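Colleague: What follows is a structure written as structure tokens; I'll ask about it next.
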Amino acid sequence: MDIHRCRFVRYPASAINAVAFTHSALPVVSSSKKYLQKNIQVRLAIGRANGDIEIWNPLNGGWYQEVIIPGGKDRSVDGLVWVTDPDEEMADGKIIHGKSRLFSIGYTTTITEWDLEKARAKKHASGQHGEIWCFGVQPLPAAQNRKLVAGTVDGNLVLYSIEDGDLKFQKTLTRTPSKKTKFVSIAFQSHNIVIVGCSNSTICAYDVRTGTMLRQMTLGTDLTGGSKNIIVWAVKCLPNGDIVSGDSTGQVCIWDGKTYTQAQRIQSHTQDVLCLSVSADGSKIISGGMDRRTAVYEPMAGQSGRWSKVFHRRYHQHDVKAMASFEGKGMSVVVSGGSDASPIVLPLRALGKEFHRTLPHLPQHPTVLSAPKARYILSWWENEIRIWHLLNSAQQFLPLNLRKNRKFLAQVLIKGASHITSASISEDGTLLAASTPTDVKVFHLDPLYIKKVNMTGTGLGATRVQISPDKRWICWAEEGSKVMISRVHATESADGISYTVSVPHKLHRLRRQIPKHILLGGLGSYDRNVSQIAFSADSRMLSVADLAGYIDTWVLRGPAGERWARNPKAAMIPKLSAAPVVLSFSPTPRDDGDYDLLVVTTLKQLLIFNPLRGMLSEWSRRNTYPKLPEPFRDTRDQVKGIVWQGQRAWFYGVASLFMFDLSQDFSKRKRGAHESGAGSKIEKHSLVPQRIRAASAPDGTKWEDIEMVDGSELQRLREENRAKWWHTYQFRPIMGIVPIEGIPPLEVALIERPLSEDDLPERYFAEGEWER
Amino acid sequence: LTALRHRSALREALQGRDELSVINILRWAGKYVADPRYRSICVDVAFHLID
Amino acid sequence: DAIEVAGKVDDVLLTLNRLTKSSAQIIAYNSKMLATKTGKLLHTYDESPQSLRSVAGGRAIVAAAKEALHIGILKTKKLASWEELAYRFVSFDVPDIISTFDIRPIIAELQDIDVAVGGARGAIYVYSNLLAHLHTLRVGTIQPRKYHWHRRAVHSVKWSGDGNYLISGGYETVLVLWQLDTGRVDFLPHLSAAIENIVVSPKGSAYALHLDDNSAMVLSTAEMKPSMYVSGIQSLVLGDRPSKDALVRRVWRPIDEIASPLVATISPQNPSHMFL
Amino acid sequence: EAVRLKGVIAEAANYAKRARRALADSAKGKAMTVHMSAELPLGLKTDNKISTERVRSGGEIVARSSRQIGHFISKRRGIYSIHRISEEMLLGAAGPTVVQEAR
Amino acid sequence: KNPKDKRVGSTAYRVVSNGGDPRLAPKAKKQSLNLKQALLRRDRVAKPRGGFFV
RNA sequence: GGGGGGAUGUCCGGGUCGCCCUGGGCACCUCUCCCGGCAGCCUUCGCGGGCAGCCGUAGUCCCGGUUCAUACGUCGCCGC
């Protein structure tokens, strides 16, 4: 396997501005009550500065990025709030969980509600006021009548109503006397008391029902530099009533809950504290500032209401603009996103006892596609598609010619304001198709010269697009969940080839058996939208796969009498244990006319399907999940994609690279250890003591150890039915591995993206706080 | 510059520059190698800038 | 220590004697027990032991290994007879190589202790409450508060009087004061030499510093001027206790050596003075 | 004349010695930046191998983690390079062949 | 964008314009986005950006 | 770095011509002991000594790819 490393693809990093979990905390249940909280959909939403709202799944420590919904040009996302109803109960004792709706602001006067089922924005609401800078959903004490409270630039606390699928500007509670008071952060102490921070050195405490004002907490000047007005960037409320507030001086103030006066000033940071987080039981405070510093506070033993900084550490490479916590189903994490696009997951209850985990800033979809017969590599971001041609092999080069080797060939700009959700290219590179959430555009290429093939019948956008290897079928995923397909007719002439794309012929997906309370509760019909669309190597068979684990396949029935029919064996293809992270057919054909559909899920479940037979292959009867190698079972990185060889399949995650010889069979991280949702247990350097020993027998020969705590019959048949695997970690920030031509030999383009200070924005320093 | 030779930090003082300020320190070094009253310090600064 | 044997409080001595090179044992003596030179053995611990301190009374004693720390509470209350002088010991590993420690008692009983361990990497770890964490097999998660300002090893850490402030001193010639009620820190920065030892007065007023250039200054608080200054000969010494920042393999490891003779003249016109 | 030739010839000899070291290590496969052609580069600078030790605060010396060594090697790659993996590497014996773009 | 209005001198005839934002997202106000930055960099200056470059 | 060996790839006299070898050039893997450093555990008050040692190189599950900087007491104008 020959590899072209490629760092010239300048993929843009974007600053994370808003991190918001679905549930802030789940109720603790036992192991005999483990089946109650199995269908609870906990999702993490992260909104970046380019308007990308992208849902994560914690996956009990898996952290799989599911959906990315991009906003347009000149569109950002500043705040994110989930609104989760309480648990409704049916007539029979079954549980309908809370429907969770996602709301956002975009530095405008408009609160947007997002439709995660259709993967676009659902509603907009706006009143006559200034730009909204902070907002939150009123907590539960009413039941069906919950309301959003939003602060803004010119002062007026507007109040929006959300009930029965509605989002409308209800009224305005109050506004400040001074027009120069800007509302920058908001947090609710109880059902009726809203604590807002302002720009004129105040923390006001309004009362939502009558709209009145309980008390105006104040803070002094900043005596570190100029600019006398302190700015309270983040307020939050402890469960016992106190208010924690990080401000412009880098302080963290603890305000009394009954009297609304301050009880403590903790000088923690050098530059200003930008975001706070409070543990669900009220035991830990995490503060993230502009000095890329994260500080952890626990209460001082003895006196009550007195906090103190346990320890601080610089986890990020730029400022920590947003963070949010979660504590439930055996997982207490706090996810902090900053301006270096890397969400960092810290363990909350084991903080100082387990390592953190930096999730990848590159998207989960590889976003790198190649026409290997034309040797075109291709990548897309905000509205442009960049296509490189490579002009030569690798065997030729075995350094003055390596600069001339690559060539920045084409840059296709998409009209409008929408953003390229996905793309695909034919194997000879003459057909390109790019999907926005408004339109699906198709371009024809001539070795360049680019023309736009007129699409008809579409106009509602899509999220995934695939083009057949014989360049006859164009299959997309309209509105996430509705898979459509269209024949393209290629008519040669005296000038060349030209393409006419037919009217999209929608193919229907199988009605799966899902109970009514599961379909009502949770996020709804969110996990129906198809994540992968995979054709076979000869395009006689389609398959799609969604986030719920469902794989639906289709066959081609020919005579233009070619038409797609559902596989009779489609219902035998089961729901996977998790979402399929990769799914593609084997390009090497079989001997029975059948295909070999390789699927890897997010739980490292490598398996291969015979879909026309409707069953697993005999190789995957033999090699189960406990037979996979340990450096593939313990990776903690989601397998971003595969590239094929003859008998070998090469896998690539974000950091790892694997090959498995799929012909042969197979024969450090702890497996029995139960940790939190971020990293393994620490080993060498920790604040927390590891070996605590007690001593009876004063001669000291007798010590103790004080722990610190708060198919055996199947395999006979499967072996009566009767290595080469390799891994590396030396290609660290892989955004995409794509094959090129020009056990067979294969060239490949590995495209990395290491983040530099030239990519991240400019750090800002006054006279006093310069770094070392 | 004598204080930055005595405190071991002249390499640290010169190592973080950009193009225009390297040209500025080179211009000072060229202008002031001529005086033998600080020829030693000026030549040392020019050593570190060449390296 | 001054402990109560029957009803007569008297001195008990707690020695730390080696038995091998990296092991040692702590052994208690009365005066009449020292006269017969038999001692009540209390603990033998086996990781290069440094030092031993105890709280007021004789209730809790704190022994220090290189990486570990051994807290010991006396088993019975009121100490009826001498033969039942037994200490229950719990050992736990401090994250850095222990240079010093100061214990303050939280009180006429002994409710708790607060340990400040100044480690050789520069940090000061404050373990807030220990007897209520190791009094209770199973213990809860204990986690020290880290205070890192010194670059080299911190030579002396002491609590100050009421317990609001944590005063400290290292190689950087600066007496530092951790405010510890806020997050702030205030310091007396430019002394002559390294702050090698500090003590606090019986009242809260005075500090007394043993500065590394053979000196002692009794400072008064918030006047911060030396109300008593005593200086010695300050020449080159082959030290007995070697160094507090020669433990962690720095770039230049400090060696006790004399390379050249001391440069000194007795001065005529005043032969009692010696310039050196 | 001997002074001028002394300076020029001593600098070229020292560069040739250190470049011989770096080319021997790059033939081993430690993947450093070496000059290809037969003229002298502008800055007579060779990339040394990464030391096994790290200087922590305040002045102490600890062992370099192989993780940090890999980070610095990822810095030491260029923007385009051909990194051929052999079947002997997939068996586990030999090392790769790297040819990188001349910066 | 929007066609600019045409004034006869007394009245102003203008095309209505809401065709910019169908279902996608509302476009961020650049005056408000630069205000929140100006509260973040009050008097402080940037460090020099890159390496050796004009 | 040397002293040395087993094995990789190679041209010039070459050999019945093949296993390669001797003569010259050699680059690498492995073994071996001395060189420079680092730790442990016994001995002695220390000085030193003894025992079985690892490192002198390469890319990681996550991850130390971190932690670390020196005060107040009072400011302004003009003169020698």
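The chains in the structure tokens are called A, B, ... from first to last as shown; in each chain the residues are counted from 1, and the ligands are counted from 1 in the order shown.
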Please identify the alpha helix (DSSP H) residues within region 20-207 of chain C (assignment by DSSP from backbone atoms) and present them as a list in words.

Modeller: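 The residues of region 20-207 of chain C classed as alpha helix (DSSP H) are residues 31, 32, 33, 34, 35, 36, 131, 132, 133 and 134 of chain C.
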
Colleague: Identify, with DSSP run on backbone atoms, the residues in region 1-141 of chain C assigned to strand (DSSP E or B), and express the list as a VMD selection string.

Modeller: chain C and resid 2 to 4 9 to 11 13 to 18 24 to 29 40 to 45 51 to 54 60 to 64 68 to 74 87 to 93 98 to 106 112 to 119 123 to 127 138 to 139

Colleague: Could you make a table, as CSV, of the residues of chain C that have an atom within 10 Å of an atom of chain A, each with its nearest atom pair and distance in Å to one decimal, counting only C-alpha atoms, in chain and number order?

Modeller:
residue,atom,partner,partner_atom,distance
C:25,CA,A:699,CA,8.3
C:26,CA,A:698,CA,9.7
C:41,CA,A:698,CA,7.0
C:42,CA,A:698,CA,5.4
C:43,CA,A:698,CA,4.9
C:44,CA,A:700,CA,5.1
C:45,CA,A:700,CA,6.5
C:46,CA,A:700,CA,8.7
C:68,CA,A:691,CA,9.2
C:69,CA,A:692,CA,9.7
C:70,CA,A:694,CA,9.0
C:71,CA,A:694,CA,9.6
C:72,CA,A:695,CA,9.5
C:86,CA,A:698,CA,8.1
C:87,CA,A:698,CA,8.1
C:88,CA,A:695,CA,6.6
C:89,CA,A:695,CA,5.3
C:90,CA,A:694,CA,4.3
C:91,CA,A:693,CA,5.1
C:92,CA,A:692,CA,4.5
C:93,CA,A:689,CA,5.4
C:94,CA,A:689,CA,6.5
C:95,CA,A:687,CA,5.7
C:96,CA,A:685,CA,8.6
C:106,CA,A:302,CA,9.8
C:125,CA,A:687,CA,8.6
C:126,CA,A:310,CA,9.2
C:128,CA,A:301,CA,6.7
C:129,CA,A:301,CA,7.0
C:134,CA,A:694,CA,9.4
C:137,CA,A:706,CA,5.1
C:138,CA,A:707,CA,5.3
C:139,CA,A:708,CA,4.9
C:140,CA,A:710,CA,4.9
C:141,CA,A:708,CA,5.8
C:142,CA,A:688,CA,6.5
C:143,CA,A:688,CA,5.2
C:144,CA,A:687,CA,6.5
C:145,CA,A:310,CA,4.4
C:146,CA,A:311,CA,5.7
C:147,CA,A:311,CA,7.8
C:148,CA,A:311,CA,9.4
C:180,CA,A:308,CA,7.6
C:181,CA,A:308,CA,7.4
C:182,CA,A:266,CA,4.7
C:183,CA,A:267,CA,4.6
C:184,CA,A:267,CA,5.9
C:185,CA,A:267,CA,9.4

Colleague: Given a cut-off of 12 Å, which residues of chain A touch chain F, counting only C-alpha atoms (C1' of nucleotides), written out as a compact mmCIF listing (two decimals) with N, CA, C and O atoms, in the first residue's frame?

Modeller:
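Okay, selection-v1.txt is ready:
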# COMPACT_ATOMS: atom_id res chain seq x y z
N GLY A 61 -19.69 6.67 26.61
CA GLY A 61 -18.28 6.86 26.36
C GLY A 61 -17.84 6.65 24.93
O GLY A 61 -16.63 6.58 24.68
N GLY A 62 -18.77 6.56 23.98
CA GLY A 62 -18.42 6.36 22.59
C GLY A 62 -18.20 7.66 21.85
O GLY A 62 -17.25 7.77 21.06
N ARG A 293 -7.92 28.51 30.43
CA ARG A 293 -7.73 27.90 31.74
C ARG A 293 -9.05 27.34 32.24
O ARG A 293 -10.09 28.00 32.13
N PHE A 311 -8.03 22.80 41.73
CA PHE A 311 -6.91 22.80 40.79
C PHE A 311 -7.32 23.38 39.45
O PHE A 311 -8.48 23.31 39.06
N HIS A 312 -6.34 23.92 38.73
CA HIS A 312 -6.58 24.45 37.40
C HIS A 312 -5.58 23.86 36.43
O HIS A 312 -4.51 23.40 36.82
N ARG A 313 -5.94 23.90 35.15
CA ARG A 313 -5.17 23.27 34.10
C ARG A 313 -5.63 23.86 32.77
O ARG A 313 -6.80 24.21 32.63
N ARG A 314 -4.72 24.01 31.83
CA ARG A 314 -5.06 24.55 30.52
C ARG A 314 -5.30 23.37 29.57
O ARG A 314 -4.36 22.81 29.01
N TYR A 315 -6.57 23.01 29.40
CA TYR A 315 -6.92 21.89 28.54
C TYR A 315 -6.97 22.28 27.07
O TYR A 315 -6.64 21.47 26.21
N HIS A 316 -7.37 23.51 26.77
CA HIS A 316 -7.57 23.93 25.39
C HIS A 316 -6.34 24.65 24.85
O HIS A 316 -5.32 24.80 25.52
N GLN A 317 -6.45 25.11 23.61
CA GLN A 317 -5.43 25.94 22.99
C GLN A 317 -5.92 27.34 22.68
O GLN A 317 -5.12 28.18 22.25
N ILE A 344 -13.65 19.09 24.47
CA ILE A 344 -12.86 18.35 25.43
C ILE A 344 -13.80 17.84 26.51
O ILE A 344 -14.54 18.62 27.12
N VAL A 345 -13.79 16.54 26.73
CA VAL A 345 -14.66 15.90 27.71
C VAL A 345 -13.86 15.63 28.96
O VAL A 345 -12.87 14.89 28.93
N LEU A 346 -14.27 16.23 30.07
CA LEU A 346 -13.65 15.97 31.35
C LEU A 346 -14.55 15.08 32.19
O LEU A 346 -15.78 15.26 32.19
N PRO A 347 -13.99 14.12 32.92
CA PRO A 347 -14.80 13.39 33.90
C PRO A 347 -15.07 14.28 35.10
O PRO A 347 -14.17 14.97 35.57
N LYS A 353 -8.67 12.07 38.61
CA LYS A 353 -8.50 10.62 38.72
C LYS A 353 -8.52 9.91 37.38
O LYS A 353 -8.00 8.80 37.29
N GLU A 354 -9.10 10.51 36.34
CA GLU A 354 -9.12 9.94 35.01
C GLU A 354 -8.68 10.99 34.01
O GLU A 354 -8.85 12.19 34.24
N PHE A 355 -8.10 10.54 32.90
CA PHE A 355 -7.69 11.47 31.87
C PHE A 355 -8.90 12.04 31.15
O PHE A 355 -9.95 11.41 31.08
N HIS A 356 -8.74 13.23 30.59
CA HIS A 356 -9.80 13.81 29.79
C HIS A 356 -9.78 13.18 28.40
O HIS A 356 -9.03 12.24 28.12
N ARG A 357 -10.59 13.71 27.50
CA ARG A 357 -10.60 13.19 26.14
C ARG A 357 -10.94 14.29 25.16
O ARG A 357 -11.99 14.91 25.27
N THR A 358 -10.07 14.50 24.18
CA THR A 358 -10.28 15.54 23.18
C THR A 358 -10.94 14.90 21.96
O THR A 358 -10.30 14.14 21.23
N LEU A 359 -12.21 15.22 21.75
CA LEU A 359 -12.93 14.71 20.59
C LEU A 359 -12.39 15.38 19.32
O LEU A 359 -11.83 16.47 19.38
N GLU A 630 -7.15 -6.86 20.08
CA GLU A 630 -7.22 -5.86 21.14
C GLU A 630 -6.88 -4.44 20.69
O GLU A 630 -7.60 -3.52 21.12
N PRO A 631 -5.86 -4.17 19.85
CA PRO A 631 -5.68 -2.80 19.35
C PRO A 631 -6.78 -2.30 18.43
O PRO A 631 -6.77 -1.12 18.10
N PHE A 632 -7.71 -3.15 17.99
CA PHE A 632 -8.91 -2.66 17.32
C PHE A 632 -10.10 -2.57 18.26
O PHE A 632 -11.02 -1.79 18.01
N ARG A 633 -10.10 -3.35 19.33
CA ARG A 633 -11.22 -3.28 20.25
C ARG A 633 -11.09 -2.15 21.25
O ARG A 633 -12.11 -1.72 21.81
N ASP A 634 -9.89 -1.64 21.50
CA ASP A 634 -9.73 -0.62 22.53
C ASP A 634 -9.37 0.76 21.98
O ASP A 634 -8.70 1.52 22.68
N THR A 635 -9.83 1.13 20.79
CA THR A 635 -9.26 2.30 20.12
C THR A 635 -9.78 3.61 20.69
O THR A 635 -9.08 4.63 20.62
N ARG A 636 -11.03 3.64 21.14
CA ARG A 636 -11.81 4.81 21.56
C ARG A 636 -12.07 5.82 20.45
O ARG A 636 -12.70 6.84 20.71
N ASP A 637 -11.62 5.58 19.22
CA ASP A 637 -11.90 6.45 18.10
C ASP A 637 -12.88 5.74 17.18
O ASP A 637 -12.71 4.56 16.90
N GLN A 638 -13.88 6.47 16.72
CA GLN A 638 -14.85 5.88 15.80
C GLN A 638 -14.22 5.67 14.44
O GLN A 638 -13.49 6.54 13.95
N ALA A 655 -7.47 8.78 14.47
CA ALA A 655 -6.05 8.66 14.76
C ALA A 655 -5.44 7.34 14.32
O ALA A 655 -4.25 7.30 14.04
N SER A 656 -6.23 6.28 14.24
CA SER A 656 -5.71 4.94 14.02
C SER A 656 -5.80 4.56 12.55
O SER A 656 -6.53 5.18 11.77
N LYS A 668 -1.75 -1.11 29.42
CA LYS A 668 -2.81 -1.30 28.45
C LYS A 668 -4.17 -1.00 29.07
O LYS A 668 -4.30 -0.89 30.29
N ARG A 669 -5.18 -0.86 28.22
CA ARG A 669 -6.52 -0.50 28.66
C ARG A 669 -7.17 -1.65 29.40
O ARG A 669 -7.13 -2.80 28.96
N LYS A 670 -7.78 -1.34 30.54
CA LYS A 670 -8.49 -2.33 31.35
C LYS A 670 -9.91 -2.52 30.83
O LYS A 670 -10.58 -1.56 30.44
N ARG A 671 -10.35 -3.77 30.83
CA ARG A 671 -11.68 -4.12 30.36
C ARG A 671 -12.70 -4.28 31.48
O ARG A 671 -13.87 -3.96 31.29
N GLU A 675 -15.22 3.08 34.56
CA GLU A 675 -14.85 4.48 34.67
C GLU A 675 -15.99 5.36 34.16
O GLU A 675 -17.04 4.88 33.73
N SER A 676 -15.77 6.67 34.20
CA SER A 676 -16.75 7.64 33.73
C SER A 676 -16.66 7.76 32.21
O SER A 676 -15.95 7.01 31.54
N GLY A 677 -17.36 8.74 31.65
CA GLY A 677 -17.46 8.85 30.21
C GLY A 677 -16.35 9.58 29.51
O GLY A 677 -16.59 10.16 28.45
N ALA A 678 -15.14 9.57 30.05
CA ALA A 678 -14.01 10.29 29.46
C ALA A 678 -12.72 9.65 29.94
O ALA A 678 -12.35 9.81 31.10
N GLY A 679 -12.05 8.94 29.05
CA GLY A 679 -10.71 8.45 29.32
C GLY A 679 -10.66 7.31 30.33
O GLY A 679 -11.64 6.95 30.97
N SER A 680 -9.47 6.74 30.46
CA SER A 680 -9.24 5.62 31.35
C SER A 680 -8.78 6.13 32.70
O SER A 680 -8.66 7.34 32.93
N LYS A 681 -8.51 5.21 33.61
CA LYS A 681 -7.99 5.59 34.91
C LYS A 681 -6.54 6.01 34.78
O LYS A 681 -5.80 5.51 33.92
N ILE A 682 -6.14 6.94 35.62
CA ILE A 682 -4.78 7.46 35.62
C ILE A 682 -3.83 6.42 36.22
O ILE A 682 -4.26 5.45 36.85
N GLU A 683 -2.54 6.58 35.96
CA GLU A 683 -1.57 5.57 36.38
C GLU A 683 -0.39 6.13 37.17
O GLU A 683 0.03 5.50 38.14
N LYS A 684 0.16 7.28 36.79
CA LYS A 684 1.42 7.74 37.37
C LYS A 684 1.28 9.04 38.16
O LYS A 684 1.63 9.10 39.34
N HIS A 685 0.78 10.09 37.52
CA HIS A 685 0.79 11.43 38.08
C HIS A 685 -0.64 11.89 38.29
O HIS A 685 -1.34 12.21 37.33
N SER A 686 -1.06 11.93 39.55
CA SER A 686 -2.41 12.36 39.89
C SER A 686 -2.42 13.00 41.26
O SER A 686 -1.64 12.65 42.13
N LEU A 687 -3.35 13.94 41.44
CA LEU A 687 -3.57 14.50 42.76
C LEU A 687 -4.17 13.47 43.70
O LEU A 687 -3.84 13.46 44.89
N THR A 728 -1.56 1.08 13.17
CA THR A 728 -0.59 2.12 13.46
C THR A 728 -1.32 3.36 13.97
O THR A 728 -2.51 3.56 13.71
N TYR A 729 -0.58 4.16 14.72
CA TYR A 729 -1.07 5.43 15.24
C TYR A 729 -0.24 6.60 14.75
O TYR A 729 -0.32 7.69 15.33
N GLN A 730 0.57 6.41 13.71
CA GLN A 730 1.50 7.43 13.28
C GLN A 730 0.89 8.43 12.31
O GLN A 730 1.57 9.37 11.90
N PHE A 731 -0.37 8.25 11.93
CA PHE A 731 -1.08 9.23 11.11
C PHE A 731 -2.16 9.84 11.98
O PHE A 731 -3.29 9.36 12.05
N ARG A 732 -1.80 10.91 12.68
CA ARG A 732 -2.61 11.30 13.83
C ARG A 732 -3.88 12.08 13.50
O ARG A 732 -4.95 11.63 13.93
N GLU A 769 -1.13 40.50 31.44
CA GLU A 769 -1.41 39.07 31.46
C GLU A 769 -0.70 38.30 30.35
O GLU A 769 -1.18 37.26 29.89
N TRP A 770 0.48 38.77 29.94
CA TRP A 770 1.21 38.14 28.85
C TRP A 770 1.69 36.75 29.24
O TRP A 770 2.07 36.50 30.39
N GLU A 771 1.65 35.83 28.28
CA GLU A 771 1.99 34.44 28.55
C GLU A 771 3.49 34.22 28.50
O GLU A 771 4.26 35.08 28.06
N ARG A 772 3.91 33.05 28.96
CA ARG A 772 5.32 32.69 29.00
C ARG A 772 5.73 31.96 27.73
O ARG A 772 4.88 31.54 26.94

Colleague: So how many Å separate CA of residue 1 (chain B) and CA of residue 46 (chain D), to one decimal?

Modeller: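 Taking CA of residue 1 (chain B) as the start and CA of residue 46 (chain D) as the end point, the length is 28.6 Å.
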
Colleague: Within 10 Å of chain C, which residues belong to chain F? Use only C-alpha atoms (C1' of nucleotides) and report them as a PyMOL selection string.

Modeller: chain F and resi 38+41-44+46+67-72

Colleague: Taking only C-alpha atoms into account, what are the residues of chain D at most 12 Å from chain C, put as a list in words?

Modeller: residues 53, 54, 55, 56, 57, 58, 59, 60, 61, 62 and 63 of chain D

Colleague: Taking only residues of chain B that have an atom at most 8 Å from an atom of chain E, what is each one's shortest atom pair and its distance in Å to one decimal, using only C-alpha atoms, in chain and number order, as a tab-separated table?

Modeller:
residue	atom	partner	partner_atom	distance
B:17	CA	E:52	CA	7.6
B:18	CA	E:52	CA	4.9
B:19	CA	E:52	CA	5.5
B:20	CA	E:54	CA	7.6
